[PDB]
Amino acid sequence: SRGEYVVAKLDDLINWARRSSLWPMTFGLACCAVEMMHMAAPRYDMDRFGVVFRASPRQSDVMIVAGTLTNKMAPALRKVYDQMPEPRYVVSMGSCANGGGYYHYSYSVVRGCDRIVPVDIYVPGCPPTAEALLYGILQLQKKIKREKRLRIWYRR
Amino acid sequence: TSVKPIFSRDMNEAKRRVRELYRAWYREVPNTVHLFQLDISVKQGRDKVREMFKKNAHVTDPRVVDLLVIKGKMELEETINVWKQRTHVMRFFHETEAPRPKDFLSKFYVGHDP
Amino acid sequence: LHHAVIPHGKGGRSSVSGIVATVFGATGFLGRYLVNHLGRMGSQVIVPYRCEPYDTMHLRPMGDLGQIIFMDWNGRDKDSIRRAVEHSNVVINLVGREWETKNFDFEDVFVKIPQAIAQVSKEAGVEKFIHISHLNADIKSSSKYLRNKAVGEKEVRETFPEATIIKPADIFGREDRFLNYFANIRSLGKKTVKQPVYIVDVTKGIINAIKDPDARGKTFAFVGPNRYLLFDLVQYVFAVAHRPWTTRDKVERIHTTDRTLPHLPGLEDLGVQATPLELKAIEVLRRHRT
Amino acid sequence: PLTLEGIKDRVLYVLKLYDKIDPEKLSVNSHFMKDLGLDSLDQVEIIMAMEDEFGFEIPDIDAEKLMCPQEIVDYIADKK
Amino acid sequence: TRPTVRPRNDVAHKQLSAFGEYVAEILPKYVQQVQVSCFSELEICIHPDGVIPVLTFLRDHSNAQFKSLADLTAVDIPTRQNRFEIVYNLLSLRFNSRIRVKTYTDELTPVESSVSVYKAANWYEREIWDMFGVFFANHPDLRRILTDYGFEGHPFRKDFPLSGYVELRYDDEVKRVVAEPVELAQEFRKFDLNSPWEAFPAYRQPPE
Ligand SMILES: NC(=O)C1=CN([C@@H]2O[C@H](COP(=O)(O)OP(=O)(O)OC[C@H]3O[C@@H](n4cnc5c(N)ncnc54)[C@H](OP(=O)(O)O)[C@@H]3O)[C@@H](O)[C@H]2O)C=CC1
Ligand code: SF4
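What the deposited record gives as its method is cryo-EM, and the resolution it gives is 4.1 Å.

See the structure below:
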């Protein structure tokens, strides 16, 4: 019982430390990259939340796929995806990314990004408003809040 | 019907250019299978390469054979550079069956295929 | 039967095939390749789990748009399991932790779990249920592991007898247990024969058995196509590795006994080609040095 | 010591080494196009194999007009 | 027609008419049509053997400077023995006029690499080779740009369909990205939209 209490408080602590900052890498092919830059704006700060734009892949917390994936882009996309630390989460920003969008019935366009990586947050819009993307990142933080990792390790 | 050629005079110079291209592809395999960290033996890839050469075997116009020589030349330049990746070289193979045979009984169990 | 259960057109990637497969475990390695082959086939897969959604998330995008579905179960209650097999065409038991834990020893997982799920699956009325086990699981000595598996096979034959008991040999793939076990070393020289069999032809045989009729009731086994020496195996993985939870139960499982059985069909009798060690072993033996 | 028949014997055992013709059945009266049944694909494979073993550049026109293992060894003795 | 109608410059109509008649009279070897649009841009329709001579003429000769190169396009038109249309577009710096050099071509017989007279035509030729297949002899570099290198088929033809034959996904079986045949989850509902009743009687082609 008291071991359960310790595991619960420790799991909540480390999940809180994970959901604290979460700096991504800005992948950003098309105009949704411009809107990522506009949610790096003074009027909508990533830096109030610990979110930092940083193209270093080896310290990427989450990854924002935003833009139009193509057949020539996809192998390099997953090759970037695999050189990432093991706690990883994916935010698909944009109508192109979360299901193909306007270029859906076309060659040289991967139908969304379910066909390459696992996706965790879908934020739609063309472009999704910085407002909407930031609501998506807050909902990502609350997904990280509900994870019970070390509790499942304890009752394993 | 005076039509311009591309390179050759009949199918004979076309055979010369395509056997030069086949020699280049044959001695171009082991560097690729050594470089790309592949998964398949040398002779199997060489057999599928010569099978691809066997595939187009009923072409008689000189312009078409010359243009296929040009296509193979472009692809050989790209493979002897490292511009292409592991996905493309595995995409030349067809390991993702789809084992769909020409058996009319097997064509009948999964059908509507004239 | 109701429509939209028949196969539709071609096969694969929302070219709708026939079965609806409820799969247990499937966070594990063989279960992950089986889910991958069902997503290649394009059937609808229902997998329940008990872990974090992270692991089922990384096996998620292998499935197509909504074709796989994730639900939940516990290691005790029949209720969530029956809820998982309410609407289920076929069902497979792929469960098992290869050591004892503080909340689950070897008892009652292989004992209680196939009993309960075969009970509720017989009550639901499934066909072509397939339970996996290991080869050479006998009642005899020196193997709590294998004798619990033999008890479980007797359970599967006794309750819900219209099943398929199946057993492979030591299977190897990209995330093998024993190849990593032989790499993660530092070691004893004795006599042992052993046959390994590559994983994807095994699971293609599994899906061939589950979608084809005439194979119910029969128990199946899978045979390594060369059946060579343990010491030659260790020296071969040593020379190709280019470097000139380990309990006693695991090391006895890998050293003690392996043998063939002629009662029951192997690979090509079911209608699938078997492929030997060499090519895929050269594939998977990366991670030499820097 | 650059003998004729020593080069002919190394030609003989690399022809033994080649796999897509069975049995050996080899002679200087071979003319292995259709008398021993080889494709021009296999022809240019064997040509470039000799070229790789002990040959010079061996351009494919005169290499194409060889058609015979005797004349292969004679053209190596001609050029080299 | 005094409001809401775009006016047109008949001065430019007469000037482009006189200039086109000038060019057509001074190069009789290759000129086949010179037409003036009703919206006044000049069109010169050209046999595909005076590519290099007419471009050397049009870049120079100082009665028509035309240094600026716009597009080179290829428009895929069936029901013709010579299918494709290589469309050079030229713009004069000193004069403010635009001419469309429409030279025709077939599937196989090449044209002759305008990069020797126009450096801007280089990547345009590479792109039109990759997308259509109009062969460009005497050219240094014909490679693939705007496709995948494993992809082929020259997809800007009308013969190539909308959705391509290949489709990528990832699988953990071979641990990599694979290319399967196309499996659309939705039809791409095509709409028959062309109503009858002859929206333009001036453009009535004659019957048989
Ligand atoms: N040497 C071998 O590896 C061979 C193994 N087999 C059989 O295959 C299986 C092992 O396959 P593999 O993928 O390598 O290993 P795993 O242990 O990973 O597969 C078992 C899966 O079921 C889950 N599981 C097991 N027991 C419980 C439990 N009590 N409660 C909840 N979940 C449980 C596991 O963890 P989680 O709950 O976190 O999902 C895992 O997802 C075993 O059943 C074994 O008999 C057969 C031949 C050879
Ligand atoms: S979803 Fe819209 S804004 Fe975003 S990349 Fe696509 S076209 Fe651009």
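Now that the structure has been shown, the text picks up again.
Residues in contact with ligand 2, as listed here, are A:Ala30, A:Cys31, A:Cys32, A:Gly67, A:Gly94, A:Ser95, A:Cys96, A:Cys126 and A:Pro127. Residue classes in the shell around ligand 2 are distributed as six nonpolar, three polar and no charged.

Glancing now at the layout of surface pockets. For the second largest pocket, the calculated volume is near 580 Å³. Taken together, 29 residues form the lining of the second largest pocket, with A:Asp114, C:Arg13, C:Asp64, C:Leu65 and C:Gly66 sitting closest to its centre. With three residues, strand β3 (residues 68-72) of chain C is the largest single contributor of residues to the lining of the second largest pocket.

So, about empty space enclosed by the protein. By volume, the largest cavity is sized at about 110 Å³. Surrounding the largest cavity, 13 residues form its lining, C:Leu179, C:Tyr228, C:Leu233, C:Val237 and C:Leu277 being those nearest its centre. Contributing elements (two or more residues each) for the lining of the largest cavity: α6 (178-183) and α8 (230-241) of chain C. The element contributing the most residues to the lining of the largest cavity is α8(C), with four residues. A class-by-class count of the residues in the lining of the largest cavity yields 13 nonpolar, no polar and no charged. The volume enclosed by the second largest cavity comes to roughly 70 Å³. Around the second largest cavity, the lining residues are D:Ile47, D:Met50, D:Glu51, D:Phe54, D:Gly55, D:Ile58, D:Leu66, D:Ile72, D:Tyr75 and D:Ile76. Residue contributions to the lining of the second largest cavity peak at four residues, all from helix α2 (residues 40-54) of chain D. Taken together, the residues of the lining of the second largest cavity break down into eight nonpolar, one polar and one charged.

What follows is about the arrangement of the chains. Of all seven pairs of chains sharing an interface, the pair with the highest contact count is chains B and E. Nothing in chain A touches chain D; the tightest C-alpha to C-alpha distance between them is still 34 Å. In this view chain D stays clear of chain E, with the nearest C-alpha atoms of the two still 25 Å from each other.

What follows is about the sheet that holds strand β4 (residues 121-123) of chain A. Within a sheet, adjacent strands bond to each other through the backbone by hydrogen bonds, running parallel or antiparallel. All names here are of chain A. The sheet built from four strands is open, its strands ordered β1-β2-β3-β4 with parallel pairing. Every interior strand has two partners, whereas the edge strands, β1 (25-26) and β4, have only one. Direction of pairing for strand β3 (residues 89-93) relative to β4: parallel, over a ladder of three bridges. Considered in β4, the bridge of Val91 is made with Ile121. The sheet contacts of helix α4 (residues 130-145) involve β2 (62-66), β3 and β4, and relative to β4 the element is tilted by about 165 degrees.

Residue and element names in this part refer to chain C. The full set close to ligand 1 counts 19 residues, and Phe29, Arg50, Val95, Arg97 and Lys149 are the nearest of them. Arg50 places a side-chain nitrogen or oxygen 2.4 Å from an oxygen atom of ligand 1. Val95 is positioned such that a nitrogen or oxygen atom in its backbone is 2.3 Å from an oxygen atom of ligand 1. Expressed as a share of its isolated accessible area of 870 Å², the protein-covered part of ligand 1 is 91%. Considering only residue class, the shell around ligand 1 consists of eight nonpolar, six polar and five charged.

Quick look at the interface of chain E and chain B now. Tallying the contact residues gives 23 residues for chain E and 23 residues for chain B. Both sides together, the interface formed by chain E and chain B hides about 2,000 Å², and carbon and sulfur atoms give 60% of it. Between chain E and chain B we count five salt bridges in total. Across the salt bridge formed by B:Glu78 and E:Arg144, the nearest N and O atoms sit 2.4 Å from each other. Where chain E touches chain B, the interface holds five residue pairs in polar contact. The set of elements that each furnish at least two residues to the side of chain E that touches chain B consists of β6 (166-171) and β7 (176-181) of chain E. If one sorts the elements of the side of chain E that touches chain B by residue count, β7(E) sits on top with four residues. Of the residues that constitute the side of chain E that touches chain B, the class distribution is 13 nonpolar, three polar and seven charged.

Before going further, it helps to examine the interface of chain A and chain C. On the chain C side, the residues contacting the 17 residues of chain A number eleven residues. A combined buried area of about 1,200 Å² lies between chain A and chain C, and 45% of that area is made up of carbon and sulfur atoms. When the buried surface of chain A facing chain C is broken down by residue, A:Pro118, A:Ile152 and A:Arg156 rank first, second and third, together holding 38% of it. The interface formed by chain A and chain C holds one salt bridge in total.

With that settled, the discussion passes to helix α1 (residues 29-41) of chain C. Residue and element names in this part refer to chain C. A rise of 1.5 Å per residue sets the reference length of α1, with its 13 residues, at 18 Å; its end C-alpha atoms lie 18 Å apart and thus fit the reference within 8%. Taken together, the buried positions of α1 are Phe29, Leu30, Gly31, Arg32, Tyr33, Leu34, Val35, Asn36, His37, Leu38, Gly39 and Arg40. Of the residues trailing α1, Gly42 is marked for its positive phi of about 95 degrees.

Attention shifts here to unusual backbone geometry. Most peptide bonds are trans, and most residues other than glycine sit at a negative phi. Of note, the amide linkage connecting A:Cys126 to A:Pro127 takes the cis form, showing an omega dihedral of -10 degrees. Inspection of the secondary structure puts A:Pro127 in the loop between β4 and α4. The amide bond that connects B:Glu97 to the next residue, B:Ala98, takes the cis arrangement and shows omega of 0 degrees. Examined against the element boundaries, B:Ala98 turns out to sit in the loop between α5 (86-92) and α6 (106-109). Residue A:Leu22 is not a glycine yet carries a positive backbone phi of 60 degrees. Among the secondary structure elements, A:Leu22 is positioned in the loop between α1 (2-18) and β1.

Calculation notes
- Residues numbered from 1 in each chain as written, not as in the entry; some residues may be left out.
- Chains lettered and ligands numbered in written order.
- Part of a larger assembly, values for the part shown.
- Heavy atoms only, no water.
- Near = heavy atom within 4 Å.
- Nonpolar A, V, L, I, M, F, W, Y, C, P; charged D, E, K, R; others polar.
- 1 Å grid on protein atoms, 1.4 Å probe; cavity = no way out; pocket = protein on both sides within 12 Å on 5 of 7 lines; lining within 4 Å.
- Points joined across faces, edges and corners; volume = space filled by probe spheres on them.
- Helix = DSSP H or I, 4+ residues; strand = E, 2+ residues; numbered from the N terminus.
- Contact = heavy atoms within 4.5 Å.
- Pairing = 2+ DSSP bridges.
- Axes fitted to C-alpha atoms, helices over the stretch in contact; angles between N-to-C directions.
- Polar contact = N/O pair within 3.5 Å; in protein donor to acceptor, adjacent residues only side chain to side chain.
- Areas by Shrake-Rupley, 256 points an atom, 1.4 Å probe, with all protein chains shown as cover.
- Buried area = accessible area lost by both parts, 1.4 Å probe.
- Salt bridge = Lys/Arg side-chain N within 4 Å of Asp/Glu carboxyl O.
- Expected span 1.5 Å × (residues − 1).
- Buried < 20%, exposed > 50% of the residue type's maximum accessible area, 1.4 Å probe, protein only.

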